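Enquirer: Protein chains in written order, with the entry's author numbering: chain x, 249 to 324, 329 to 391, 402 to 688, 693 to 823, 828 to 850, 891 to 937, 942 to 959, 965 to 989; chain w, 197 to 391; chain p, 12 to 314, 335 to 408, 429 to 634, 639 to 756, 777 to 841; chain y, 14 to 202, 211 to 231.
Pasting in a structure now, in structure tokens, and then I'll have a few things to ask.
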Amino acid sequence: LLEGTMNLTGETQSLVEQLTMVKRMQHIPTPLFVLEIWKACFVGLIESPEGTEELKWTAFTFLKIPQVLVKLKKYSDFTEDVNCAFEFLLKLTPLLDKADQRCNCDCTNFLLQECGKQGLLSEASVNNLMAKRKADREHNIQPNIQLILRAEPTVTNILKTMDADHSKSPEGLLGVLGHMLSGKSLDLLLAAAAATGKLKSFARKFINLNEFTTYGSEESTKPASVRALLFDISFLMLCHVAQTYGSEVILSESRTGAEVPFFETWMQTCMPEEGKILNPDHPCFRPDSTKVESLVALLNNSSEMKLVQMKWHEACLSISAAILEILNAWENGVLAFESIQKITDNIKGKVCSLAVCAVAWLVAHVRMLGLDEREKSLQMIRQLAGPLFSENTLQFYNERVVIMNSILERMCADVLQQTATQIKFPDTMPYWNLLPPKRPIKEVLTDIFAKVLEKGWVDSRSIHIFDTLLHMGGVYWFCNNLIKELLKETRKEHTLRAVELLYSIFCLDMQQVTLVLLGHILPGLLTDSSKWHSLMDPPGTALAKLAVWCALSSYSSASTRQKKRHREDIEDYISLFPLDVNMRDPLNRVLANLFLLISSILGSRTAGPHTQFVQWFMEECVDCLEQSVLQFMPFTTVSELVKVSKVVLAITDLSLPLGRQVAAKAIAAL
Amino acid sequence: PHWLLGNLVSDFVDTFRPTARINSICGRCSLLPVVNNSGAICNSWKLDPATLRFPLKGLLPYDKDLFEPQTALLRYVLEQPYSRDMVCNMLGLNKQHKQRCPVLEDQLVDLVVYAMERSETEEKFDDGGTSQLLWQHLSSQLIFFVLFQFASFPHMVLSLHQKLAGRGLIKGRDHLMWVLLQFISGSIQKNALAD
Amino acid sequence: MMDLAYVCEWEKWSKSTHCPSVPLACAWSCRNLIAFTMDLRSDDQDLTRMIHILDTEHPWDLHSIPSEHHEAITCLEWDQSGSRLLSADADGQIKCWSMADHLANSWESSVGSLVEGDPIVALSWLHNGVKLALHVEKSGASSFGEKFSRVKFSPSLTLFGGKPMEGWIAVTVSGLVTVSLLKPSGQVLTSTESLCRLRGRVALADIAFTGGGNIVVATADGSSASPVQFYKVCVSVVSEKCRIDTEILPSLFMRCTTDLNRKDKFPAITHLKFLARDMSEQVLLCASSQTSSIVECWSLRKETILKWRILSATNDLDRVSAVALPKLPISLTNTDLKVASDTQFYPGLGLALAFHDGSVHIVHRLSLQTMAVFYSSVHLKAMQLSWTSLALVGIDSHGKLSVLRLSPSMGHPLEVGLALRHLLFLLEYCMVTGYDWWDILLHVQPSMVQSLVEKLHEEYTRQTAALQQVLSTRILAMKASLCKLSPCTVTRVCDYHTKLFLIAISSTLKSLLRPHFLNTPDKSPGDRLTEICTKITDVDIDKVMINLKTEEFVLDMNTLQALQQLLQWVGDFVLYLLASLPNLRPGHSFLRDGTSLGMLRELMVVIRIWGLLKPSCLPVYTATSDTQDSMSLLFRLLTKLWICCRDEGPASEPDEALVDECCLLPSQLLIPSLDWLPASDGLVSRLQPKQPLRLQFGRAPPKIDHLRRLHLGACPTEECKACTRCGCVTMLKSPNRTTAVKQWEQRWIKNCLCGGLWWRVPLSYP
Amino acid sequence: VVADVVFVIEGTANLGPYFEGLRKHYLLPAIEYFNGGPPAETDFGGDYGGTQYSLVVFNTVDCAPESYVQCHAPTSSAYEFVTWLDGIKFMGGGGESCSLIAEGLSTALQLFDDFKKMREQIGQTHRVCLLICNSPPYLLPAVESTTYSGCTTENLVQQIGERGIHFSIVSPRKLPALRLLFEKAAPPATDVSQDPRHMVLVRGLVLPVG
Ligand SMILES: [Zn+2]
């Protein structure tokens, strides 16, 4: 459910590695494992909000999850187990009926035919399962699943046909692209391409189309008025991709030569994202003084009448300075409001991407301003994002208006949250602004963790609030408060469930959470003499399990906020852990320090609950391992652990030639 | 448990989870009666007067909600008209003996602050709108429960002051003052003024 | 320049193992008390939750408040006075520690706020509207109104009068801000409110105040490519409750992100600091990579009307580990910059920047060019400049706590008159305020001491006759503490302290006599007594006592009996002085001071009257004869000494008749012994330039109560307070709560007479 | 009748031992006269019409970085005022005889200005100021006050005496400067001292004759 909610566009190999990890940590039978995959997928589909998220969830269950199962089959008698899991699932009639009411069709039929196509299931199994499902079921628009399952081959074939610009026929390109701009067709293609790993090539194709249509050639009005529309369609769909599926699918990741495209630089330096706030007087927003006067004269001329040669990248880069001079003119008073209306109509009318570039600079500039100084510039957005200017539209105007209104919603939303301002473009932002306005943020955390424990699984909305709290209060505060809420449980059942949930919650940034957990929380609980009454057997065994699962999963080795924040972070782990493979990698340093602490606790006097804790930690280090986290164990632990009470030697030693000597010493002298 | 026993006892009580799971009416927290004034109380709805918990047979590991004070049931019954004898049969009140039952007192206070909240929502779109009906029923119910000393006046007033402190609940304070006027006008001559 | 005054280390309690370090707090008060936390980490984590109070003159004695802070202490903050300490940790919980029984060794917090779960990231007391500016170009101007002048600042939240409320404002790691207002009663009002509607991370924050009573709080989320946002907060009290009104201000981005050559380095803003609280228009930021850093100064200045423009920035540094901003409120304008560059006055123009190597840079405020460099020969994890900014304290990446002295001209050699004028200017600033002057005595060389004392007396004169009233005991304390520092002048300090004690007795005895009826009105009976004793020069005590309306000098014979020990000190000091006359000793100054001998005469006369009322109040003298009137004998010799000095322009050397009569005094009476107050354990006399003292904490490299003159035993059973400056000892609780002269005991509840604080001394248990 | 009562007390070591006696003999009866009958726990603050009490406590210059005056907000409860009079701790003092009467009087003036902006339902009321001091004034002009800075005690007590504020002095030790200040605060156009030593001159208010 986490991989469905946060990164649909992630590669399947990382997910297969993580799932095989989880299957090895807690020893999970294969039918129950695949059953939990299907149950999670269907529950997340039912709980999805209506709109793009529902399309994305249908793609994840229908396309990505069947591919993941195929990779598991190669890595691992899988057909018998997946057939068993399908019978396990087909007992659950209320889940499947809720799903069928949301799917508007029987979605289990499409699942069984899809798993038949991938080869997870034999055909006789498929047919008797569909017979059972029809018997249990007995008691004009195509649904989205058929659209997606047929739209993935259109993704491949649209790649292969628009490699060549429809044999350089821009009228054909425009018609097919307008059909894509029609309702929901773009979203269907993007959801299929995201779930099937082909969003990067799709973005490369539209970016290359954009580079081709940037300059243009000697042309009369009719050919150019097609070329500017191609620029608009490619630009608006690229902005919609970058706002929905993240910006890192737009990046080229290696550009040999300086010829980075226009849209990549514009998105890099000029488009607001979630964690990106922009400098309005960055040198990117001040290209020249020469072209910008030509452009303000161009906007004050009339209907451009000169779209026959515009070099649209230069125009779009220059609009920021242009509207800056317009704003200074209006702040002095030398321009009337009625001429402002004329300039905004000349911007937003013929080409809609100009409005997006202007609104991006306006959002940066309004974010920097004070409270009382804002009032004029917001009116500019009200005219740039207003309803349609009419009677000179090129073609496909209403659909570009719809996509543009979505992009401007997601650009302006933060600034229009700072001051209570309604622009009212007409849900498209279903998980946005989730925290209560005044409540301290630990109450939010404890309430959501209480509800996740009492349900037994993590919702999609709960995943989004947990992400915002991890970004807001930081890793240490988050991990410490969740572990406190663990340690005040008193039942065996609730402690084991809380740990099995907290591992997945910590999979937001597993690596940093393990550094905080094994470096700050556990040494503070083991070293403080007042604290270790909290380390009693009911919560203590569960906590030791969570620490060893975190250590193993971090050793063997994910969201965009977490990528940005770890790139922000500076710390000296050599100075933090002085320590009396690389050993400049911080996780090796934390593990070596923790095992020194464990040996020191086992060797000392005053046995209490903390000694029981380090016993349990070493025992699940032994049991959870296949064979290595225990490569960092000091060899004095081999002697001491059976002083404090076989296999806990023979696994922990890692079997070097000197390691046999310590092994044979301990095992013979038990 | 003690740190030396530990798992040895805890897991043992966990193996008595299915037996407790057999002996639990499922959804018992969300089942509500229809309040009839007839008497002859079914003993399913009786609560514990000390702690508002359901009385449970045995010492098993019951489900986590059955150890919580059942305030939803008591608020639903107190919000109904003519639920006077049913609340006494629930909390074991007897009216031959005055007791100052505390959890009843706290539930009545929270009922008052809930009425104050719901009066402060609008109360002006619909003239009846269930608000003034609620305040009339609150007058009658709270008169009976403070009059026979099952709850007490000044602890109720100062706890009510602590709930309304800083919450900023001011649109229907006249109704709350009216209800307090019913108590004072009912029983000023019986008690000292320091109450 | 920089000299390490001392290095105080823990003994064997270092080597924190297996648990990583935490950031430290440090706070230097107006009185010289350091409050700081350290990472001790031995057998408990509460050893990282203890707040150490270190009086800067006796560092070995470190008090350790066991704060009940469940997470790590983020911020420490002294009052505008020095009397309370705010401490806030992660997960809310601001506690306000106050002194217990006015001891600087016992702290206890009764008042606090709590925003649970949210880590406090900035904390400040509210501003009380007092702000003064120092005009260095008027250093010679011979009036304190010209040198230090109040600058018309308004306090946030004035309540019914001119009186500011006291309270704090804290900023959490969420968007929340909270204000707590302490009433004059014990009540406390709290309110929390988000800073703006877009709730977001506040990883660094800072608080300044403005004229107009507006708080200005700056927030950053550490990313260094995101804006440093600014909010104006206005506090009000609506009828019972605090009310917070916030408003966005112009944010700023940061240079080195628009550098465009290599902009990706320095990705973390690590310190955000206004240049001083109440200086809300300038902001110091510090971006840092793993190895290098940049500090920058910005200013709000208007032209978009208001707009943050950069002032200056350093080139490239090491990674800045700590930052200390000055506290001396210089006047900062252009003429004062000129005269402080000409006459090399540099105390208020420096910030200190520690680095991740050993070095420390004292750098200019306005254009951040390095003024001095001190190489440690391990890094400073917390620094704090002093209130006169002559010394900076600092806690290292070990247990070590060091105090460095910064010279006022930053190592450039000055002629002696300029150094005299600088240190005299600072001592006058500490005299007008009540701040402590210990850091100044770090910089006073011995060879200048006497000249400096002369200048103080010349500046004690030529003020406007009310300043001379209010600066009396402050200048006696400063004179004594200066004269401690030189071997030529070390003899006089005892005199100064007895001078304080003499005045402290004299006025109080003249305070006790309530005239039962007003005869010869418009003169209080202190003045009638002084007039009568100065016009009647009779050598007999009876002839003076006759003419003094002795039905006026009446007490209730209970307090009159309880005054016995103070009257005993008066008689014994007179006898010691007169026997000391034939001989540099503890009494040498008093033999030629006519005024003090007049005071001793007046006290002997009122002692005679009180002895006739009740004979038990009198001092006792072991006389080597039984037909003797010892009081009349000492009064005869005192009048004959005092008539020497009460002449106009006299300096009469004492004649031989007095010399032989005072040679006969050990024959007639036994001269007892006396305790002299400054039992000197101060470091400033012990220190030398170029040599740092290496101390251990708690190692510390005829017992009387000096204020109520009670003899404790050999090893005293009752516990005691010691003054931190002079060193006088008093027992902690009064011996007889019924018979206690509260007019005398209640003067020294909060301080000593010299001015320093009390500090509880531990019992011996031999 | 409606009264704006302001007490100005010297919180120093002198007035330390004598305060308890002064309160029983003079201060407590004066409060009762304004509030008929002694107060006990039923009196509620917040009636902006009515008698309103206030404290101003001042100090000498030995509380060197601390503030000089501690003022309390107005209360309509006489009982809260009595608890405030108990709550004073007399800890100050040192080697001096004088105190900062100018500061206490200037903040009393600011209290009476805020009272005058408060009560507009009545134009003028009984505006009573008491000074419970044991010490002659300093020669400092007032420093820690706005709108009355740079004023000596004589100028401030002239401004108290004009505009119709009834100024009273209760002192446990008979003094010349206090008598001169009382004579100066003469409103535009009886032995109350129970103990002979006490000097009590009351321009306004009625205290049982002793
Ligand atoms: Zn002293």
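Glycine residues also receive a C-beta, built at the ideal position from the N, C-alpha and C atoms.
Would p:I336 pass as an interface residue toward chain x - the criterion being a Cβ-Cβ separation below 8 Å?
Expert: It does; some Cβ of chain x falls within 8 Å.
Enquirer: Restricting to runs no shorter than 4 residues, where is the alpha helix (DSSP H) found entirely within the segment 232 to 302 of chain w?
Expert: Restricting attention to alpha helix (DSSP H) runs no shorter than 4 residues, the segment 232 to 302 of chain w encloses them at 267 to 274, 281 to 287, ordered along the chain.
Enquirer: Rank p:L646, p:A613, p:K669 by C-alpha distance to the C-alpha of p:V605 and give the top, closest one.
Expert: p:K669
Enquirer: DSSP three-state label for x:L774, please.
Expert: coil
Enquirer: Please state the DSSP three-state secondary structure of y:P150.
Expert: strand
Enquirer: Give a yes or no on whether the minimum CB-CB distance between p:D54 and chain x is below 8 Å.
Expert: yes
Enquirer: CB y:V230 to CB y:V223, shorter than 8 Å?
Expert: no
Enquirer: Any residues in the segment 206 to 221 of chain w with a beta carbon nearer than 9 Å to a beta carbon of chain x? Which ones, in chain order?
Expert: Contact residues of the segment 206 to 221 of chain w toward chain x are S206, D207, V209, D210, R213 (C-beta to C-beta distance below 9 Å).
Enquirer: What residues in the segment 185 to 200 of chain y have a beta carbon less than 9 Å from any beta carbon of chain p?
Expert: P185, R186, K187, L188, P189, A190, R192, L193
Enquirer: Please state whether DSSP places p:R288 in a helix, a strand or coil.
Expert: coil
Enquirer: Expressed to the nearest angstrom, what Euclidean distance is found between the alpha-carbon atoms of p:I131 and x:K422?
Expert: 57 Å
Enquirer: I'd like the span of the alpha helix (DSSP H) that includes p:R656, first residue to last.
Expert: 649 to 668
Enquirer: Taking w:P298 as the query, report the chain x residues whose CB atoms sit under 9 Å from its CB, ordered along the chain.
Expert: Result: empty, since nearest Cβ-Cβ is about 26 Å, beyond 9 Å.
Enquirer: Which residues mark the beginning and the end of the alpha helix (DSSP H) in which x:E600 is found?
Expert: It spans 599 to 610 - the alpha helix (DSSP H) in which x:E600 sits, taken as one unbroken run.
Enquirer: Rounded C-beta distance between w:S279 and w:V231? I'm assuming under 8 Å.
Expert: The pair is a contact, with the Cβ atoms about 4 Å apart (cut-off 8 Å).
Enquirer: Please classify x:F362 as buried or exposed, where buried requires at least 16 other C-beta atoms within 10 Å of its C-beta.
Expert: Buried is the call here.
Enquirer: In chain y, which residues lie less than 8 Å from p:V521 when you measure between Cβ atoms?
Expert: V74, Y151, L153
Enquirer: Considering only residues of the same chain and omitting the five flanking positions on each side of x:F340, which have a CB-CB separation below 7 Å?
Expert: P279, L283
Enquirer: Please state the DSSP three-state secondary structure of p:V18.
Expert: strand
Enquirer: Rounding to the nearest angstrom, what Cα-Cα distance links p:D66 and p:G737 in this structure?
Expert: 11 Å
Enquirer: With a cut-off of 8 Å, does the C-beta of x:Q641 fall near any C-beta of chain w?
Expert: no
Enquirer: In its own chain, which residues sit with a C-beta less than 6 Å from the C-beta of p:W108, not counting the 5 before and 5 after it?
Expert: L96, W118, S120
Enquirer: Is there contact here, the segment 341 to 354 of chain x with the segment 485 to 500 of chain x, by at least three beta-carbon pairs under 8 Å?
Expert: Output reads no: the segment 485 to 500 of chain x does not touch the segment 341 to 354 of chain x.
Enquirer: Relative to ligand 1, is the shortest distance from any of its heavy atoms to the C-beta of p:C803 smaller than 7 Å?
Expert: yes
Enquirer: Does the beta carbon of p:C584 fall short of 7 Å from some heavy atom of ligand 1?
Expert: no
Enquirer: Count the other C-beta atoms from every protein chain shown that fall within 10 angstroms of the C-beta of x:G722, then say buried if there are 16 or more, exposed otherwise.
Expert: exposed
Enquirer: Is the beta carbon of p:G788 closer than 8 Å to that of y:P78?
Expert: no
Enquirer: Check the Cβ of w:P197 against every Cβ in chain x and list those closer than 8 Å, keeping chain order.
Expert: Ordered by position in chain x, the residues that pass the 8 Å Cβ test against w:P197 are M802, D803, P804.
Enquirer: Could you confirm whether any beta carbon from chain x is found closer than 8 Å to the beta carbon of w:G202?
Expert: yes
Enquirer: Please say whether x:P948 and x:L906 have beta carbons closer to each other than 8 Å?
Expert: yes
Enquirer: In the DSSP output, which residue or residues are listed as bridge partners for p:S205?
Expert: p:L187
Enquirer: Using a Cβ-Cβ distance under 8 Å, would x:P706 count as near chain w?
Expert: no
Enquirer: What residue does the alpha helix (DSSP H) around p:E510 start on, and which one ends it?
Expert: 500 to 511 is the span of the alpha helix (DSSP H), which, as asked, contains p:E510.
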